[PDB]
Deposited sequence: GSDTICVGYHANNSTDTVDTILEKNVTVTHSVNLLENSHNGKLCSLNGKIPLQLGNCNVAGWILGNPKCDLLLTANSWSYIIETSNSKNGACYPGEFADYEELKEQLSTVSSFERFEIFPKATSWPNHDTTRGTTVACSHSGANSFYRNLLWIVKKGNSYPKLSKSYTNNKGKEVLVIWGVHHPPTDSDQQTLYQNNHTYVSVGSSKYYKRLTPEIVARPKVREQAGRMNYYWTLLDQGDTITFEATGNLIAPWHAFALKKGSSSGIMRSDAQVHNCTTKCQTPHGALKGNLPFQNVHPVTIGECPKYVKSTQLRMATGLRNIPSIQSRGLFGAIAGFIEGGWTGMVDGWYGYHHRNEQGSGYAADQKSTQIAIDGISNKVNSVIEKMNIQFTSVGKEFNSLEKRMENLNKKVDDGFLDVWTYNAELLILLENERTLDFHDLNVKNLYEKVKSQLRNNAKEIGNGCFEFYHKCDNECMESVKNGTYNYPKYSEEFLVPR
């Protein structure tokens, strides 16, 4: 009549790495690394993104006629630019501080387009009906931006223009306008009558006075002239004032903005689908339940922390064998014991049988669960971290931004990789010691029997099922 102390074994092929040994097969484990995505752009928590499509932000904000899809867009979760987002300023010219404008829009959660200077009434002394061009052609007729008004002279007079707008929206207002540089003096006079004109735009936080220059630039969309585009964010209660003797591409529509938290701009060619997610990358959406991911650095939503690891497997059970206990004097696990991690086997006159010690097993399960959750809890969820954009004269800032991203990426990959290596080694020694503690618990309790040596004990006396379950209960 014998009893043995032993541990659990199963058919698991899970391997984990530890600080002392690599690829160790264990009975239970949890993967902490997401390495897959669904290959779709999804809504974030139910809110669709804004797909700029063939338009870029400039074409969107200016109101390029090819971007009319976007005019009613007022609410989105993030902004998508594709490889075909090429429709921008149809009348050629540069947007000043374009990357800053994009950075501003990347946190916008609500966008309300309104007619800041109504076309029909704002400009009684000028002509509002002729500012169209073949460069902004739409459905076979010369056209122009939906959000700007190309004002020209009325008759043969362009009087001094002055127009103010006071923001009473209760939110900041995005105002856009332009300054036109004709290619010849004849075009200057034809459009604006006066020569040597100026355009001045002012608020309490903004001031710029421009003198348009006449220069013939290389032809883009038949245009040797240029329009330089400008924008500013007007605060509640602040007043923006336009003054011009010509060349003013006036605001027609502007946008009352609310800023949110979880949005950004993403560059992706993947398709939007009517799926939803808490975490989106340019390649596809992530499930976002594990603390780490190696799919993409650019995330939007509440996302696992990005690491360069290819695997982050955490040991929870013990070494799978189907302080000298596991693979020691107790040379192997019991696949026959299924209800727990540590337990007993007994040979009897009434028959054989495995039983698991729930007391020590639950303590081990409680401790390891606390270990895993602590590792998950100490890792922070990676709120929206989008891409950042730099112009061609910002290489040092771009490289500074790149050094930051790469430095934290190395730090977090190191911390995760070493934590799992060290915690896995400690977890296996934890189980090893609990078995050794359980072996000594019966040995220091049957001391009437002799240590067979292999985790077992031969009872020098008859020991029935009552006698067995008594030793297990700790009351023997």
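In this chain the deposited sequence has gaps in the coordinates at 1-2, 325-331, 457, 487-499, listed in sequence order.
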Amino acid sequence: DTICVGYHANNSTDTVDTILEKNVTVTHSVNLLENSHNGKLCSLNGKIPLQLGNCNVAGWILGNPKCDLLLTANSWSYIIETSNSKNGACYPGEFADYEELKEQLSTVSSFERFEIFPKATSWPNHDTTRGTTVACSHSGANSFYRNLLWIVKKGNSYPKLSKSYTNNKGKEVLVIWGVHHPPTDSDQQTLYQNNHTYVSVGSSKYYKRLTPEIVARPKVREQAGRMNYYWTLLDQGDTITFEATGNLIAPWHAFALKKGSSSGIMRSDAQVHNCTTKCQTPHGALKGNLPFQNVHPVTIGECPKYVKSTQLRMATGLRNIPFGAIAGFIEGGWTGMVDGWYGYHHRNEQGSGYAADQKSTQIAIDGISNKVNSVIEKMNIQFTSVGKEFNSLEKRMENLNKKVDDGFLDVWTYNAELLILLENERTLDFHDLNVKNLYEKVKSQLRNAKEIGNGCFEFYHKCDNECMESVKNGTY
From here on, numbers count along this sequence of modelled residues.
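With 425-433 and 33-41 compared on mean CA B-factor from the PDB entry, the stretch scoring higher is 425-433.
Averaged over their C-alpha atoms, the temperature factors of 99-107 and 338-346 are higher for 338-346. Residue-level inspection of the entry shows that, of 291, 93, 353, 218, 353 has the top Cα B-factor. In the deposited coordinates, the residue among 417, 410, 451, 68 with the greatest CA B-factor is 451.
For residue 134, the recorded CA B-factor ranks within the middle third of the chain. Only modelled residues enter the ranking. Per the deposited record, the Cα B-factor of residue 124 falls in the middle third when ranked against the other modelled residues of its chain. When the modelled residues of the chain are ordered by C-alpha B-factor, residue 324 sits in the highest third. The deposited CA B-factor of residue 273 belongs to the middle third of values across its chain.
In the PDB entry, a CA B factor belonging to the lowest third of its chain's modelled residues is recorded for residue 403.
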